[PDB]
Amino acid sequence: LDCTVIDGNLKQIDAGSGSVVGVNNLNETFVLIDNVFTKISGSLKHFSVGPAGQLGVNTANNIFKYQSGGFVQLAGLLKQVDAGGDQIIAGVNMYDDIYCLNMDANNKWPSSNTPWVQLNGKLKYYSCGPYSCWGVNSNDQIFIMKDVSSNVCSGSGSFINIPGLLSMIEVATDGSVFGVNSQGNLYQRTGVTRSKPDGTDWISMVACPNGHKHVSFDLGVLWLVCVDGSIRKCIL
């Protein structure tokens, strides 16, 4: 791929809703402002942005949402969280248990309860898009939850295995699906539509010179963290 380098060093990156955010190995938190990854207050090991807001988790697995000028702590524990769904929150905890929060609950603040929904299965990484969520388990097996909607965040309730192996996976607001495998190779799912949410094939792509670490996609731009923590921007 034809990609440009952009200054910075990260371990994780997420793009969504026109925003791009990430964290470095020190767990410092960054937002892309006028083409500069800009440090903001916060300690997070994973930071996500999309239609559901700006959501992250820290080393203690506490959950944070940027609101009204700064991070506020939500109730619950997750090791990874994603905000790419249709105003829903999704993620996994330290036991690979899988949770989502429906739109109406996400948008209620202050709240007297945080009504997490547990999904049936085990995943180590989980990401949502417009009509589905995708994740991978501890054996790098890939799964899709179909029929996900804003107030039925758990979708059909039954995960479907998609052949292949990936270590992480992200779903974009246009429905695009990208992931990186344990060997540091980068893949895109082809043939993904609302009518065929599972898509058809995995295609190989190269953005990094010596291996890929993390990937996210938004609005025609593929974002990579390479193995050395450096960043690539690939306008597709």
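In case it trips you up, residue 1 is the first one in the sequence shown, and so on.
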**OP:** Could you check the entry and say whether 175-183 or 196-204 has the higher mean CA B-factor?
**Re:** 196-204
**OP:** Look over 185-193 and 46-54 in the entry and identify the one with the greater average Cα temperature factor.
**Re:** 185-193
Subject >> C-alpha B-factor winner, where the candidates are 105, 81, 100, 160 >> reply: 160
Original post:
Which has the highest CA B-factor per the PDB entry: 71, 109, 131, 126?
Top reply: 109
**OP:** Among all modelled residues of this chain, ranked by Cα B factor, put residue 67 in the bottom, middle or top third, i.e. lowest, middle or highest.
**Re:** lowest
Original post:
In terms of the chain's CA B-factor thirds, is residue 114 lowest, middle or highest?
Top reply: highest
**OP:** Sort the modelled residues of this chain by their C-alpha B factor and say whether residue 93 lands in the lowest, middle or highest third.
**Re:** middle
Original post:
Going by what the PDB entry lists, where does residue 120 fall on CA B-factor within its chain: lowest, middle or highest third?
Top reply: highest
Original post:
Hey, what third does residue 141 fall into on Cα B-factor, ranked over its chain?
Top reply: highest
